[PDB]
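Heads up: numbering here begins at 1 and tracks the sequence. Note: hydrogens, waters and symmetry copies are ignored here, and every other heavy atom, side chains too, is used.
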Amino acid sequence: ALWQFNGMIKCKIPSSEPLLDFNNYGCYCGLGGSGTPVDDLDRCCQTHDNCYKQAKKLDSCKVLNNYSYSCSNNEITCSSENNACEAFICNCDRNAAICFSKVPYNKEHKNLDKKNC
Ligand SMILES: [Ca+2]
């Protein structure tokens, strides 16, 4: 699941190792998140956290992961083979991967001290 998100990001940013580059960035990229996002990238992570929060409230997710997707020519496509929960999470992941590829990356915000969140 994390493995798929990591792959989606690499589809959009081929030079990155996402679990290293994007983990522990700002107040929202990484486990949990609170306070105000520090920049646009952190705002991508906040939306992504809110998309997963939304997912946990859908009737279909109740029993809910591991969805199917493809990367081709640097474009991500979620598969129609995905059941409702899986399709919703593939869309949260795809939107965040795209979001990350479109905003600046600030080294000053990597491993930010949470006292700032
Ligand atoms: Ca988070």
Side-chain angles (χ1 to χ4, degrees), residues 1-2 4-63 65-117:
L2 200 48
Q4 333 206 234
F5 186 35
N6 177 259
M8 268 194 198
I9 305 167
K10 295 173 71 135
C11 181
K12 303 301 300 190
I13 310 178
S15 48
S16 183
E17 288 292 3
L19 288 161
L20 292 183
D21 296 328
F22 301 96
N23 189 219
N24 250 68
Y25 180 108
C27 295
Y28 288 87
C29 305
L31 200 95
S34 61
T36 308
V38 299
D39 61 11
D40 287 330
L41 173 59
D42 203 19
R43 193 161 284 278
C44 286
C45 294
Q46 185 189 44
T47 300
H48 185 254
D49 289 4
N50 291 343
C51 200
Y52 277 26
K53 281 186 200 213
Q54 191 67 6
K56 302 167 213 149
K57 125 218 313 200
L58 300 183
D59 285 338
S60 340
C61 280
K62 297 183 48 178
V63 190
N65 333 40
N66 200 266
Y67 63 73
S68 301
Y69 81 93
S70 63
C71 179
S72 195
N73 290 336
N74 309 106
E75 293 182 311
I76 302 165
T77 303
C78 283
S79 184
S80 68
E81 160 192 29
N82 285 331
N83 290 331
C85 192
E86 291 167 0
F88 192 96
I89 295 170
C90 187
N91 192 72
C92 292
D93 284 7
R94 172 177 193 272
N95 283 351
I98 295 170
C99 190
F100 291 2
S101 82
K102 300 304 186 162
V103 297
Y105 183 97
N106 296 303
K107 336 199 60 207
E108 300 91 340
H109 302 143
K110 183 67 170 82
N111 329 111
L112 187 95
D113 194 319
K114 300 297 214 92
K115 273 291 310 190
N116 301 87
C117 308

### Task
Report the C-alpha distance between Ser60 and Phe88 in whole Å, list the side-chain angles of each, state the deciding distance to 0.1 Å, and finish with yes or no for side-chain contact (heavy atoms from CB on, under 4.5 Å).
CA-CA 10 Å; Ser60 340; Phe88 192 96; over 6 Å; no
### Working for salt bridge (charged side-chain N to carboxylate O under 4.0 Å, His left out), residues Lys12 and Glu75
CA-CA 7 Å; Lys12 303 301 300 190; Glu75 293 182 311; over 6 Å; no
### Task
Walk me through it: do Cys51 and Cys92 pass the test disulfide (SG to SG under 2.5 Å)?
CA-CA 6 Å; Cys51 200; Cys92 292; 2.0 Å; yes
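Taking both residues in full, the closest heavy atoms of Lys10 and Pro18 are given as CG-CD, 3.4 Å, listed atom of the first, atom of the second, then distance. Closest approach of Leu41 and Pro104 over heavy atoms only: CB-O, 3.8 Å. Heavy-atom minimum distance, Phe5 versus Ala97: CE1-N, 4.1 Å. Among all heavy-atom pairs drawn from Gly32 and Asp49, the shortest one is O-OD2, 3.2 Å. Closest heavy-atom contact between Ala55 and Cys61: O-CB, 3.0 Å. Taking each heavy atom of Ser72 and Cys11 in turn, the nearest pair found is N-SG, 4.5 Å.
Within the 4.5 Å cutoff, the side chain of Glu86 has no heavy atoms near those of the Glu81 side chain. Side chains of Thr77 and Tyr69 form no contact here, defined as non-hydrogen atoms less than 4.5 Å apart. Between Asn116 and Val38, every side-chain heavy-atom pair lies at or beyond the 4.5 Å cut-off. Between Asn24 and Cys29, the closest side-chain pair of non-hydrogen atoms is not below 4.5 Å. The closest side-chain heavy-atom distance from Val103 to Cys44 is below 4.5 Å. Using a 4.5 Å cut-off on side-chain heavy atoms (C-beta onward), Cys71 and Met8 make no contact. Contact of the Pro37 side chain with the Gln46 side chain is registered, since non-hydrogen atoms from C-beta on lie closer than 4.5 Å.
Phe100 and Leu31 end up in different hydrophobic clusters when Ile, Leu, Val, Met, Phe, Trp and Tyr side chains are linked at under 4.5 Å.
Disulfide check for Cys27/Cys117 passes, with the SG atoms closer than 2.5 Å.
Atoms CG and CG, from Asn65 and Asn82 in turn, are 9.5 Å apart once rounded to the nearest 0.5 Å. If you take CD on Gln54 and CD1 on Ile89, they are separated by 12.5 Å, rounding to the nearest 0.5 Å. Summarising the geometry, atom CD1 belonging to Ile98 is positioned 5.5 Å from atom CD1 belonging to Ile76; distances are rounded to the nearest 0.5 Å. Expressed to the nearest 0.5 Å, how far CD1 of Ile9 lies from SG of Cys99 amounts to 11.0 Å.
Under the 30°/60° scheme for interplanar angles, the aromatic rings of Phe22 and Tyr105 are found to stand perpendicular. Classified by interplanar angle (parallel below 30°, tilted 30° to 60°, perpendicular above 60°), the ring pair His109/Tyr25 is perpendicular.
For the residue pair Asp93/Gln4, the side-chain donor-acceptor check at 3.5 Å is not satisfied.
Residues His48 and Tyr28 place their aromatic rings such that the two centres sit no closer than 6.0 Å.
The environment of NZ in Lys102 is sparse: at most 12 heavy-atom neighbours from other residues, nucleotides or ligands sit within 6.0 Å.
Checked by atom type and distance alone, the side chain of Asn106 never pairs as donor or acceptor with a backbone atom of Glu108 at under 3.5 Å. Side-chain atoms of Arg94 do not come within 3.5 Å of backbone N or O of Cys78 as any donor-acceptor pair.
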